[PDB]
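Asker: Just dropping this structure here.
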Amino acid sequence: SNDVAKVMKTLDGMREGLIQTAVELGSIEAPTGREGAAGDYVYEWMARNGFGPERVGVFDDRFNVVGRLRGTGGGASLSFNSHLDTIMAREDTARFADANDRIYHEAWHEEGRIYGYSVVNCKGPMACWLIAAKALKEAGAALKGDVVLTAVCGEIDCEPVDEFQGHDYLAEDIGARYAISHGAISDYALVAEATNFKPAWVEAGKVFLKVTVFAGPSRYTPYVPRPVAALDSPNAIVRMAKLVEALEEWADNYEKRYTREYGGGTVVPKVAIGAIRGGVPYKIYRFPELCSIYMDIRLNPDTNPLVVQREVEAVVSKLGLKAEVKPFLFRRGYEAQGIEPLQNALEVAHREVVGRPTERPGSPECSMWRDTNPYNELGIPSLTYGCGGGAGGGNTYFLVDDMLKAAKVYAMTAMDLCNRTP
Amino acid sequence: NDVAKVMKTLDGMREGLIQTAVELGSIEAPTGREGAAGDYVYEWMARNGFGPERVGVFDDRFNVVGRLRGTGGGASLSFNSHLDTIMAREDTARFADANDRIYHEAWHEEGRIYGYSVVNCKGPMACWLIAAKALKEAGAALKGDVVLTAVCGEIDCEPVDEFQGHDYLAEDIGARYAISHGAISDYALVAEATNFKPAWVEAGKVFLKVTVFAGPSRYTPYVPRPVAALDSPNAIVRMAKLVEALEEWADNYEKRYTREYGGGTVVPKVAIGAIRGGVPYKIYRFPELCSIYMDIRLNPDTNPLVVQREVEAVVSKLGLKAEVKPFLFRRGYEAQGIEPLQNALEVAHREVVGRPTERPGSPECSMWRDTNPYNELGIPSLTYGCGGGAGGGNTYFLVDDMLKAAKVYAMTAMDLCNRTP
Ligand SMILES: O=C(O)c1cc([N+](=O)[O-])ccc1O
Ligand SMILES: O=C(O)c1cc([N+](=O)[O-])ccc1O
Ligand SMILES: [Mn+2]
Ligand SMILES: [Mn+2]
C-alpha cells in the first residue's frame, strides 16, 4: 500500500545525497584498469550505511564490491548491478582527438543535470540504486528476500591481445562473471545502465578478430619497386588499405543480414575496425612484411563465432590476399529466460513513477555488451534499465529529476519482487 | 587407407609416448604452480611445429594453445587436457602421507606408467599430443583444423575468505579463459580418464561456507558444565552436532537429485571438505564461531539457491544460529549437437577396441571436467580416455591402453575434421 509512499517520501528528501554521491563517485579517476579507488569509495559507502560489503576480486587493486540488504526471510533475491570503470583514460591519446577534455574525466552538477561520461557510464545509475537501497533500509521497508548490491569492475570491452597481457588489460573476465561465480548470486538481477527508461533483456555477444595481411619481401626504401598494383604491393600496409574498404562494405551488409528480433529487443549487430598497426614508428626505413587490423564484431545470441570468421576469411580470399584471421575474444550474448517476474515488477513501478507503459528498447542498447549476459548465462534472469541516453551515443549528462525517478523505480521493483516466495 | 598409415606411425611412437608422459608427469605442478608444466608443453608443441601461444591471466599460470592447420573447409576439433595435478607436497592437511611418491612422481614399470600426475592428467594429454604428431608426420589429409589445448587450473581449488588471488585461483583462469580468448572450435574432446567410455553430461557445483554461532567466550576455568551440546557456548561443539545432521542430509541428497541424461547418469554428491575454528595457537578460550566448508555437486537442472535453502533448513531444524554463505557456483551441462563427434568417436573406438562403447560410470558424469566450459560456450563436448579415474583412485595406466587411446584420438580427428560444418 503506502509502504511505497513512505519510501517515496524518503527518497524525495535524499535528492541532495543522490547528487553528491553521483558527483563524488563520478569525479574519481577510474578507467578500466584502475578502478581500485572507485571500488574503495563504494566499499566504504556501503560500509557506512551498513550493507556489510566484501571485496570480491582477482587482483587486490581491481575487485568487485558486494553488499546486501538482508530480508526477514522467505523471499526472492534481487541483485542491483552497475560497473566501477569508465571509458576514457587521460592516457589514450591514440583514440581521442582531445584525450584531456573535461567531459571525459570529471563530473559536476550544473543546472540540475549532472555532466560527465563517468556519470552516464556508470556512476550514475549506480548512485541511483545505492540511494534506493539506503531508502529501503531507513524507511524500514518490509522485505522477505535479500537485496544484493553488486558494484563490479571490468564491464567495459577492453581485452588483452598479443603482448598486452595480464593485470593491466583484463576486464570482463574478472568482473561480473567472477563476482557471481563466487557468491553474488540471486534469483533475479537488474543491471542499472542507461536506457531511456526502456527495459531490455536481450544483449549481444561479440567476437574480436585480428586480421594480419602478409606481403614482402622487405626492401630498403631506395629499392622499393614502383609502380605496382595495390594488391600486389610488397608493402603490407598498402594491401591492408585495400582490404579495409572491402571489409567496410562487408560490415555494411552484416548488420542488416544478422538483424534479429527478440522479445527483449531487436538486435542490430554492428562491426568496427578498432585498431591498426604495422610495423613500428621508430624504424620506418623498411616497409612492413605484415600488417594487422583489429575488428569488433557483435553477435546476436544465435550466431556462432566461427561462421563470422569464415565470412571474413572469404572477403580476404576474394581479394587474393594471404592473411591470418585469428579470433582473440569470444563471448556469448543471451536473451533472458523466465524474466516475467522482474519484467512485471519493474513494469508496475515504471507506470507509477513515469506514467505510461514501457516502450521497446532502442537497438543499440540491445546490441551491446552489458552485464545482463553473465547473469543470464548463469541462470539468473536479468534485464537492464536506467535513465538517459547511452554513453556510446554519446549522451554526456543526466537530469537530476530522472535519476530520482529511477531510484524510485528501483526501490519499488525491489519491494514487489523481494516479497515473492521463490 | 590414409588411416592404416597413421596407425602404423603410432605403433612406432610408443617410446615417444612413454617418454612424453613420464617427463611430463615428473614435473611438480599442483594447482597454483602449473607454470613449469606449461613451459614444457609449449616447448614440446614448438619443437613439433604446432605454433603454440601462451594464453593466461598470469605469466606463470597460463594455458597453452596450438594448432594443426587443415587444408580448408572442415569442422574444427579441440583436444583438451589440464596441466595441474592434485597433490602438492605442502598438503599435510589433506593426506596422511603427503610425501608419498605416487602423489608426486611418474615412472615406467610393467608396461604401466605410475603416478597420480599421470592419471590426472599428463598422459591423456600425452596421448593426444602424440596423436597430433602422428597425424602431422603421416601427412594425413584434414580439411578442418585440430586445436591442441593444454589448460591450467582445471582442478576444483577455489579462493575463499582470506585466501585470494594468484595463488588460489583455478578454473576462472583455465579452460574457459582459453576458450573465451581464442581457443575456439566446432567440437571439443576433453581427454581425461574414463574407461574408454564416453560421457557428455557433467555436474555443476555450489560451495557453501556454514558458520555456526555460539558464545559467550569464556576462559577455560569458567566454562559452564554440563550443558547440552546444542546449547554449548563452544561453537565447535554445536558444529559437531550439525555435521551429523548434514551427513544425513547428504546421504539423501545424492539419491533425490539423481538424474539420468542421454549423456550419462548424474549422481551429485556432498562432502564436508574443511572445518576450522578458531586458531590453534590461542586455545584458552573456546570460539564463539566455527565454520564448515561444503562441496555440493549439482545436476545441470538444479538451482544453487534451492540447495542453500535446504541446508539453511537443516540448521533451522536444530535450533542453531548459522550463516550459510555460497562462495562458488558453476553450472554443469549436457552437450547439445554432440552427434557428429559422438559418431566419429564411436566409429574410431569400435575399430581400435573392437566392441561398442559402454555407458560411463556415474562418477565420471557427476564431476567437474572441462567439457563444461566448452558446452557453456556452444562447443559440443565429451570426455574420453583410458584407465580408471584418479578420484578412484587409479594410480597407473597401461601403456597398451594409452596407445589405444591415441589411436582413437587420431581416427576421431580424421573422420570429424573431414565432415562439412
Ligand atoms: O552502457 C554503455 O553505454 C556503455 C558504453 C560503452 N562505450 O561507449 O564504450 C562501454 C560500456 C557501456 O556499458
Ligand atoms: O579428472 C579427474 O578425475 C579429476 C580428479 C580429481 N580429483 O580426484 O581430485 C580432480 C580433478 C579431476 O579432473
Ligand atoms: Mn556501461
Ligand atoms: Mn582431471
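Please treat every number below as a calculation from the coordinates, not as lab data. A quick note on method: Cβ atoms are made from the backbone with ideal geometry, for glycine too, and the neighbour counts reach across all protein chains shown.
Asker: In the stretch A:236-346, which strands (runs of 3 or more DSSP E) lie fully inside it and hold 1 or more residues that are at positive phi and away from every other protein chain (no Cβ under 14 Å)?
Answerer: Counting at least 1 such residues, we get A:265-267.
Asker: Let me ask something additional. From the list B:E364, B:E351, B:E376, which residue is under 30 Å from A:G67 (Cβ atoms) and touching a residue at least 24 places away in the same chain (Cβ under 8 Å)?
Answerer: Among B:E364, B:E351, B:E376, only B:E376 is under 30 Å from A:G67 (Cβ atoms) and touching a residue at least 24 places away in the same chain (Cβ under 8 Å).
Asker: Looking only at the stretch B:338-367, which residues are touching a strand residue (DSSP E or B) at 6+ places or on another chain (Cβ under 6 Å) and within 16 Å of ligand 2 (Cβ to nearest atom)?
Answerer: Across the stretch B:338-367, the qualifying residues are B:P360, B:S362, B:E364, B:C365, B:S366.
Asker: Confirm whether B:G111 is without any contact (Cβ under 8 Å) to a residue 40 or more places away in the chain, away from ligand 2 (no atom under 16 Å from the Cβ) and of a type outside the set (F, W, Y).
Answerer: no
Asker: How many residues are within 16 Å of ligand 1 (Cβ to nearest atom) and touching a strand residue (DSSP E or B) at 6+ places or on another chain (Cβ under 9 Å) when one looks only at the stretch A:180-219?
Answerer: 17
Asker: Can you tell me which of (1) away from chain B (no Cβ under 14 Å); (2) in contact with a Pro (Cβ under 6 Å, 6 or more places away or on another chain) is the one A:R356 doesn't meet?
Answerer: (2)
Asker: Quick check on my filter: what residues within the stretch B:146-183 are surrounded by 19 or more Cβ atoms within 10 Å (Cβ to Cβ), more than 10 Å from chain A (Cβ to nearest Cβ), in contact with an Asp or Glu (Cβ under 8 Å, 6 or more places away or on another chain) and outside any helix (DSSP H, G or I)?
Answerer: Within the stretch B:146-183, B:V151, B:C152, B:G153, B:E154, B:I155, B:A170, B:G174 meet the criteria.
Asker: Identify, by number, the condition in (1) within 12 Å of chain B (Cβ to nearest Cβ); (2) assigned to a loop (DSSP other than H, G, I, E, B) that A:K198 doesn't meet.
Answerer: (1)
Asker: Is there a residue in the stretch A:204-213 that is among the polar types (S, T, N, Q) and either within 30 Å of B:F62 (Cα to Cα) or more than 13 Å from chain B (Cβ to nearest Cβ) (or both)?
Answerer: yes
Asker: Any idea which of A:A141, A:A97 is more than 16 Å from ligand 3 (Cβ to nearest atom), among the aliphatic types (A, V, I, L, M), over 30 Å from B:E312 (Cβ atoms) and away from chain B (no Cβ under 14 Å)?
Answerer: A:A97
Asker: Which of the residues that make up the stretch A:10-22 are more than 17 Å from A:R48 (Cβ to Cβ) and in contact (Cβ under 8 Å) with a residue 12 or more places away in the chain?
Answerer: A:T10, A:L11, A:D12, A:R15, A:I19
Asker: Let me ask you something else. For the stretch B:347-421, list the helices (runs of 4 or more DSSP H) that sit wholly inside it and hold at least 1 residues that are over 21 Å from B:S78 (Cα atoms); which are they?
Answerer: B:362-365, B:399-416
Asker: Pick out the one residue from A:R90, A:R95, A:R113, A:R102 that is touching a strand residue (DSSP E or B) at 6+ places or on another chain (Cβ under 6 Å) and surrounded by fewer than 24 Cβ atoms within 10 Å (Cβ to Cβ).
Answerer: A:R113
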